[PDB]
Amino acid sequence: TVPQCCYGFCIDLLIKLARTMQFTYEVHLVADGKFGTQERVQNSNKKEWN
Amino acid sequence: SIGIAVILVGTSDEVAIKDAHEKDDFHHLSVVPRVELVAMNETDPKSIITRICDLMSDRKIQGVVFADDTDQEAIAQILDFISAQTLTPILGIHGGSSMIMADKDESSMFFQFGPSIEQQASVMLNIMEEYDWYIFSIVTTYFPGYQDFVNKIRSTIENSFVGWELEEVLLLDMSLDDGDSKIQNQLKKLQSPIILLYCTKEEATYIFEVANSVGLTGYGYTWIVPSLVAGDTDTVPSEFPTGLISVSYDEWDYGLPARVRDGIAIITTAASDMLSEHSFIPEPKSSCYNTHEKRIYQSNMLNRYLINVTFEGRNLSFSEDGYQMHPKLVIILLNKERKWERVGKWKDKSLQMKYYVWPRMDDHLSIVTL
Amino acid sequence: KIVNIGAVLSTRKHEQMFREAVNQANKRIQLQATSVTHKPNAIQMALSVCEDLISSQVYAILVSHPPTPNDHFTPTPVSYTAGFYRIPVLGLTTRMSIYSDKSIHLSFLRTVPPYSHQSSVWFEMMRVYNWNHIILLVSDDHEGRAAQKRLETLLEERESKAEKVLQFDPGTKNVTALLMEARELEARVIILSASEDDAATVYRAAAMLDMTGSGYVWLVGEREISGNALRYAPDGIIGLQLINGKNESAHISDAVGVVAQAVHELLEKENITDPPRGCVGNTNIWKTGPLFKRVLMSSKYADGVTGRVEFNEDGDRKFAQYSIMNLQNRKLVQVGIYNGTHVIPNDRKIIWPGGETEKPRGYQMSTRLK
Ligand SMILES: *[C@@H]1O[C@H](CO)[C@@H](O)[C@H](O)[C@H]1NC(C)=O
């Protein structure tokens, strides 16, 4: 991982939420770059999200 | 110079086994194994305990292969009990010792010849897509492995491009008193033409009789059962519906003489490859009594290597659960004169049937198109 | 008719007490007593069970823990040997959770509940002290898995998941990394389930990481209090104690009282056959024992010397009594009583870890998000 810069519609909405709700945040990018679905892994009964 | 014992139960061609024992070429590995053919009745667990105790205390036995001819199920659990308590490796090649158990103990030292429940379910699912039987239902009782069986099909058919349709699953209990009326009432809800069963012989006969009381065992219904339902081909309860389909371990052309040689080869090669590399071999104080302090020398390395062997162009690697992981299976069918007929053979996920269309045993029409 | 019963004990005084109990119960159908001692190995246990089962042809066997601390491996041979012929066995002082599996042990009942059942004491303490954020720290064993599974099933009723579950390998000497992760969480209430030797390793690391000060709450079990755990244990830890789990004499009397109730109701039924006295001879399953266990489990004992005795549909004791203990100034003082369904504290006061006298919030809301 390397540091990068982020901005856009969602970034400045988070800034508005933080100021009103009085919290401090750290942000990072998703590792695999996927939104998320439920799959099965290595022949197991469990089912886990990615 | 490892002592290997051979145990037979009941009547058997011992002379044939002795003649076929000296049919392997093991000159490329320092084994010089010992063979001890002992025979005894099926008296009880205590006789078995005494037999292995006396044999082990007799002359430095390092391994055992166990054969049988009965249909007992708890014998596998008993042999697993001895296997866990004393670190001697034993193998179950035939009879009731080949029946699968609930699970093996963590410290147990036991391996069996035969497929697991998951592999049997995978095999019997292939039979249903050879002939396009996409409508089925599952009925089973309380047995050590019932959940895994239904879980296997539920996992397999949920992610498929084929159109699978499952119509309810039954988990009826046969141990209830006066629950036979409820069992019969709930058996009427079945509508699919294909039924999968997971039981044992006695309750299989009970369920077959109850269903025949309802009558859905006659023309448009087909039943598939695993290997342990039939158990032995020679005896038929005569309440089994005609046309029953069952999977079974290949015994017609896989003679008992080959199994003993295969097990001896596995044990010898495992001991040799473990002896040569590690420069060590376990020869414990061969006494059956007073084994509380016998655990001084760990023998898990032998267990670690017993699951990967090969010889004479064959794969005999076991699994972590203690099953063959690569068996040879056959499919048997019940015809008019009560007997099992060999229909198809299964090997390496590949099915090979002797027919192209299932014989029917009217409102069934032919259709032509272009 | 005359029907005798058997038992497995290891004490001369216990044998005398059993003789007195059977003589007293004779005044309540004539029933005798047959008991033997314990052997230093399991195969001797199995052979002695089968030999003495043949001698007396008993219908049930009573088994208690030996003077051995673990009391885990010792009951196993008796269960298998009895189970093979399908004869009920009553367990008195066993706490391991392996014996609660019906598949492995077909015929086994409990006089006291298993170690894993002491998680409803924990569920009630969370409801009375409005605690909604907890950390579950368990070991990777069959004991830990059942305790985890019970807690998640109980918590799922309110739809309130546990914050996090952390698993450590049994018999480890380094848990610093696991404890570091738990220190960066919202909850401040820690539930621990391990063995006495293993628990002491966790306690030393917790005190080094300053996780035993103010604002922290520890809920442990019976094993985490006994043994050498008290040598390394911060003050304010709340433990549990079974009311009469260490009194084998009390269990013997009431166990006889409930089996004698069943033997009166067993001979008053049709198609009753004596279980075979042929240890060596018979390999068949006695028809009596599937029906016998059904009535025995439902045989609700009206009153006894250790409280009401009942059984769930697992062969386990119901409505047990627990004492909520507390460690202050290196000495444990009892604080409350749980009669199966509710918690009633006494006039004594509770000292929480760190020396404060006030229920803690058990929560620390974080103002930094990811
Ligand atoms: C158990 O505790 C409850 C607390 O509400 C009490 O009502 C009850 O009488 C106690 N005893 C029994 C036998 O339930």
# chains A, B, ... in the order shown; residues from 1 in each chain; ligands from 1
call {"tool": "residues_near_ligand", "arguments": {"ligand": "ligand 1", "cutoff": "7 Å", "atoms": "only C-alpha atoms and all ligand atoms", "output": "PyMOL selection string"}}
result
chain C and resi 339+341-344
call {"tool": "select_by_dssp", "arguments": {"residues": "chain A", "states": "helix (DSSP H, G or I)", "output": "list in words"}}
result
residues 9, 10, 11, 12, 13, 14, 15, 16, 17, 18, 19, 20 and 21 of chain A
call {"tool": "write_last_selection", "arguments": {"atoms": "C-alpha atoms", "output": "tab-separated table (two decimals), in the first residue's frame"}}
result
chain	number	residue	atom	x	y	z
A	9	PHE	CA	-18.93	13.61	-4.38
A	10	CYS	CA	-18.66	11.05	-1.57
A	11	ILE	CA	-15.49	12.48	-0.01
A	12	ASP	CA	-16.93	15.92	0.78
A	13	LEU	CA	-20.18	14.37	2.02
A	14	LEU	CA	-18.13	12.46	4.60
A	15	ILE	CA	-16.50	15.74	5.65
A	16	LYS	CA	-19.93	17.29	6.22
A	17	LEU	CA	-21.04	14.27	8.26
A	18	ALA	CA	-17.90	14.33	10.42
A	19	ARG	CA	-18.24	18.02	11.31
A	20	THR	CA	-21.91	17.69	12.31
A	21	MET	CA	-21.49	14.36	14.12
call {"tool": "closest_residue", "arguments": {"among": "A:26, A:42, A:3, A:49", "to": "chain C", "atoms": "only C-alpha atoms"}}
result
A:26
call {"tool": "closest_atom_pairs", "arguments": {"of": "chain A", "to": "chain C", "cutoff": "7 Å", "atoms": "only C-alpha atoms", "output": "CSV"}}
result
residue,atom,partner,partner_atom,distance
A:23,CA,C:367,CA,5.3
A:24,CA,C:368,CA,4.9
A:25,CA,C:369,CA,4.8
A:26,CA,C:370,CA,5.3
A:27,CA,C:370,CA,5.9
call {"tool": "closest_atom_pairs", "arguments": {"of": "chain A", "to": "chain B", "cutoff": "9 Å", "atoms": "only C-alpha atoms", "output": "CSV"}}
result
residue,atom,partner,partner_atom,distance
A:43,CA,B:155,CA,8.8
A:44,CA,B:155,CA,8.9
A:45,CA,B:151,CA,7.5
call {"tool": "interface_residues", "arguments": {"of": "chain C", "to": "chain B", "cutoff": "7 Å", "atoms": "only C-alpha atoms", "output": "PyMOL selection string"}}
result
chain C and resi 41+47+84+103+279-283
call {"tool": "residues_around", "arguments": {"residues": "residue 284 in chain B", "least_positions_apart": "5", "cutoff": "9 Å", "atoms": "only C-alpha atoms", "output": "count of residues only"}}
result
4
call {"tool": "residues_around", "arguments": {"residues": "residue 62 in chain C", "least_positions_apart": "3", "cutoff": "8 Å", "atoms": "only C-alpha atoms", "output": "PyMOL selection string"}}
result
chain C and resi 6-9+89-92
call {"tool": "select_by_dssp", "arguments": {"residues": "range 120-276 of chain B", "states": "strand (DSSP E or B)", "output": "list in words"}}
result
residues 135, 136, 137, 138, 139, 140, 165, 166, 167, 168, 169, 170, 194, 195, 196, 197, 198, 222, 223, 224, 225, 245, 246, 247, 248 and 249 of chain B
